[PDB]
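# Provided hereafter are the protein sequence and its experimental coordinates.
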Amino acid sequence: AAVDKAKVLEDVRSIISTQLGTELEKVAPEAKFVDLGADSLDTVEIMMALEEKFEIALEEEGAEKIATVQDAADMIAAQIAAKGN
Amino acid sequence: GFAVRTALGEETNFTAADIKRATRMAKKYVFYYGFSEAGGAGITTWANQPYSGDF
Amino acid sequence: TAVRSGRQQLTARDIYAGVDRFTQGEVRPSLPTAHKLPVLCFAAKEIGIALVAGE
Amino acid sequence: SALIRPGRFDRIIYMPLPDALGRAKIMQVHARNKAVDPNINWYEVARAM
Amino acid sequence: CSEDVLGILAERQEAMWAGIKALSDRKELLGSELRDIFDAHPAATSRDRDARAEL
Amino acid sequence: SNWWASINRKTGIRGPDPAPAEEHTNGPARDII
Amino acid sequence: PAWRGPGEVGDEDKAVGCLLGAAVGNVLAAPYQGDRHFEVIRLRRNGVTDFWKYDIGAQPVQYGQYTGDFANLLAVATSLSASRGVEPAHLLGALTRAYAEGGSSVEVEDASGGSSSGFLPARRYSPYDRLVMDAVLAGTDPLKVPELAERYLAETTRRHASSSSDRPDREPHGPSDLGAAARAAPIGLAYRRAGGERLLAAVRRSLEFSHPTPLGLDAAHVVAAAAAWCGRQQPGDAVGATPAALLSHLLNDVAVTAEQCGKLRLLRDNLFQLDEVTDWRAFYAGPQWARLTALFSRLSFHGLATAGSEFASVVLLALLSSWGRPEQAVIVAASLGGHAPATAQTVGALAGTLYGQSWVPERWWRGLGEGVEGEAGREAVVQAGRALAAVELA
Amino acid sequence: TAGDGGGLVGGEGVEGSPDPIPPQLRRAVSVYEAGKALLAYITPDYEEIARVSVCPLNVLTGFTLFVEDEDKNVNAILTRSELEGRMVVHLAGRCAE
Amino acid sequence: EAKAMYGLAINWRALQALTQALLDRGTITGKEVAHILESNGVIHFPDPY
């Protein structure tokens, strides 16, 4: 229901940073995924790492349209939002 | 209370404890003992006399 | 109180301390001195009563 | 009024209520056994209690 | 009565501040020390502008 | 600007932004529960 | 019109008057340290215009005695006139001397036998300055104690929650506080004809051991620059001596930091001028005092200038608002509470080093004479101000 | 909430308490608590704020927790400025709503 | 009430920012409240009267 987008965004940024090797203050809330040192067979590894960090399941169509760390954080927040129901 | 107010320059709840006491006495001044000038002399058509604590 | 005071002759302060340990009550920690407000207010209360009585 | 006469109970001593530091120390010790985050600024938590 | 008291207190401001300063240090005074302190600061002989504004 | 200068208690109190009239409604039953 | 009195003031009476104005400002504003302006103007309904005798703080000031801030200022001035320039070890020894004499100590009560004895000086010192200038005596180094302090005075730790620093208790007393900017008027007057970069080197040397931060150095620099500017000036040029002149001159050359420039610009474009105040009870309840207090609340946080930038901006407001009336300016500065000793002492230093000597009322001179400092301290001040008018070795 | 009355909880599912607390009723509570905290911040010498919150225990009210010092007015003093500031802070919520 | 309304009116931006923060976080601390309010330029009161 009521989810804190701040914490989710912080931790998504941390996970992306730790996954690619780029320092945390460089990955901006709107930085796309190819410009930060990642191809196509590496945006799926960070998807897997995100699921592993939050222990949720990502919807697949919504995962086909992820381009900014903001939309990733928003997808994850929407997943955690609808958990009990 | 008036001394605290004249030192600080601002009201307080200290006055709250003063005037209460004074008000009791002031009523006993006007009604029961008949010291005032309420009527031309200080005799008033109604007073409230105390009961003993034995009650 | 006087024998703890290192003396033996009872002074006014000592009999005053005794009266107060029964008339009022046991002693308690003093007033904080971190801010000017508390002691200023209470001391102004006391000195106003005393000064007005004397006048 | 009987047990107060001289010799029987001649001295009364007063224990005040704790302060910020007192409450801080009190809660520090009652938690040694519990599971507690190490970075707890016990003083600040005692300021609001 | 309130006007009378407030007129007493707003003449002896120096004496009241001397008393507060003395009582803040020792937290205790006897009526004789208080009397001599108040005596050391007699009231104003005449009224200047500030005194008129206070009155 | 200084919209708070023209605040009137008789003619009605209103902020600057235009009337956030968002609302939706189910029936009385789906509202009570 | 403006302050005329005598003609154009010289260059010796300027310095002695700066020290005298600092003295009267600190002594007058000492008892009102750490309270808001509405409280101060309600305790002193007839104006803050005379030396208070009855003080009931935790460490009470006595009648006619200054605090540690003026002690440090005058010690800086003397030691500077001794080594003929800002030499760090010399003035630091002089400061620890002024912090040492007359004092005393108290012992401890700790279970294991731990001993952290408390040294109590004979005056009032800021807790950060007390700590740093007693760590100097603690044997440790003089240059890298600020690095122990910035992280020691960090009792703020997390301050989890708890919003405003309203309590002077939760305000930041440390390497970026007002300590440095408070003692930079005599320094900035010893260097009135030396060049801006040399002046900056001097004021930087005087700070190295306590205020290494850049914003504290900026505060010290702007106050020293104002001191030098008004020192070179003369009180008669109705065009050279204008507040706009000094403010723009500050904005262009010296002010480099962001927030300092913002506060200076804000003070510049909203500046106004008070008319001559004769009845303080009516002034303390008028549109003018209210407007001034509104600007003052803009320039600071809840009426408390702890950071050097707020401090220096507040100092210029009290002085530039009474252009041509130095005693009125020092009264207005003492009437604002907060850090009233430091604020008013700096305003008085600058009013002296600009206007000179003929403005200190006779009653404040007599009050300095009748206090505990007495003739000894009074003419010690006038003599340390005389032995400053010409010293320029190195 | 006692023998009956009630009408204050918001998460019980019964005819009294709606289940998700509609959004127009959450905007209002947030506006209320924001106005109250904003006025308590800009008021000189008010208490200090420790934690602002909305919907505690699902009730339809906010809750602002205030840290205060027991040694400025030792459990006994009330000055006029303080009372007027309290009045302003208590009307701020309704006024912002 | 006049003072409350005037002080909420001259602080409109900070009021809306803090409202949004409360709507999307649920809880907030005093340091965060201070930071949010000072980031949007609050205009304090001069006195409590």
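Yep, that arrived. Residues are numbered from 1 along each chain as shown, chains lettered A, B, ... in the order given.
# Past the longest helix along chain A, which element shows up next along the chain?
Longest helix of chain A, by residue count under DSSP state H: helix A:5-20. Next helix or strand after helix A:5-20 toward the C-terminus (DSSP states H and E): helix A:43-54.
# give me phi/psi at the closest residue in space to residue G:202 that isn't next to it in sequence?
In this structure, residue G:202 finds its nearest non-sequential neighbour in residue G:86, 4.4 Å apart by CB to CB, 6 or more residues apart in numbering or on different chains. Using the backbone N, CA and C atoms, a C-beta is placed for each residue, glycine as well. Residue G:86 adopts backbone torsions of phi -80, psi 100, taken as degrees, to the nearest 10.
# Show me where chain B has its strands.
Under the criterion DSSP state E, strands are not mapped anywhere in chain B.
# How about it: which residue is closest to chain F?
Proximity of chain B to chain F (CB to the nearest CB) peaks at residue B:11, 28.6 Å away.
# Disregarding residues adjacent in the polypeptide, which is nearest to that residue?
residue H:80 is the one closest to residue B:11 (CB to CB, 6+ apart), at 4.5 Å.
# Name all residues that make contact with the residue of chain F found nearest chain I.
Per CB to the nearest CB, residue F:4 is where chain F lies closest to chain I, at 3.5 Å. By CB atoms under 8 Å, 6 or more residues apart in numbering or on different chains, the contact set of residue F:4 is I:5, I:6, I:9, I:10.
# Note down every partner strand of the helix or strand containing residue H:65 and its orientation.
Element membership of residue H:65 [criterion: DSSP H and E] is strand H:62-67. Strand pairing for strand H:62-67, using DSSP bridges, gives strand H:48-54 (antiparallel).
# Extract the CA atoms of the partner strand and return them as PDB.
In PDB, the C-alpha atoms belonging to strand H:48-54 read as follows (Å, rounded to 0.1, in the frame of the first residue of the first chain):
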ATOM      1  CA  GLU H  48      11.500  21.000  19.400                       C
ATOM      2  CA  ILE H  49      10.200  18.400  17.000                       C
ATOM      3  CA  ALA H  50      11.300  14.800  17.300                       C
ATOM      4  CA  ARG H  51       9.100  12.900  14.900                       C
ATOM      5  CA  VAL H  52       6.100  13.900  12.700                       C
ATOM      6  CA  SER H  53       3.800  11.100  11.600                       C
ATOM      7  CA  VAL H  54       0.400  10.500   9.900                       C
END
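# Contacts for that strand, please.
Defining contact as CB under 8 Å, 6+ apart, one finds that strand H:48-54 is touched by D:48, G:161-164, G:166-167, H:26, H:29-30, H:33, H:37, H:40-41, H:62-68, I:22, I:26-30, I:33.
# got a list of contacts for stretch H:19-26?
Applying CB under 8 Å, 6+ apart, the set of residues contacting stretch H:19-26 from outside is A:1, F:22, F:23, F:33, H:10, H:11, H:13, H:54, H:55, H:58, H:60, I:23.
# hmm, 10 Å instead?
With contacts defined as CB atoms under 10 Å, 6 or more residues apart in numbering or on different chains, stretch H:19-26 is touched by A:1-2, A:85, F:20, F:22-26, F:31, F:33, H:10-13, H:18, H:29, H:54-55, H:58-60, I:22-23.
# and what of stretch B:10-29?
Residues from elsewhere that reach stretch B:10-29, judged by CB under 10 Å, 6+ apart: B:1-5, B:8, B:35-36, B:42, B:47-48, B:50, C:37, C:41-42, C:44-45, C:48, E:1-2, E:5, G:38-39, G:42-43, H:73, H:76-83, I:49.
# Just those: which are in helices?
Among those, the ones falling in helices (DSSP H) are B:2-5, B:8, C:37, C:41-42, C:44-45, C:48, E:2, E:5, G:38-39, G:42-43, H:80-83.
# Select only the buried ones of those residues in PyMOL?
Here is the PyMOL command that selects only those of the ones in helices among the contacts of stretch B:10-29 that count as buried (16 or more other CB atoms under 10 Å in any protein chain shown):
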select buried, (chain B and resi 2+3+4+5+8) or (chain C and resi 37+41+42+44+45+48) or (chain E and resi 5) or (chain G and resi 38+39+43) or (chain H and resi 81+82)
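# For chain H, what's the nearest residue on chain E?
For chain E, CB to the nearest CB, closest residue to chain H: residue E:27, 14.7 Å.
# out of everything not next to it in sequence, what's closest to that residue?
In space, and not counting its chain neighbours, residue E:27 is closest to residue C:30: 7.1 Å by CB to CB, 6+ apart.
# can you check residue A:5 too?
residue A:77 (5.3 Å).
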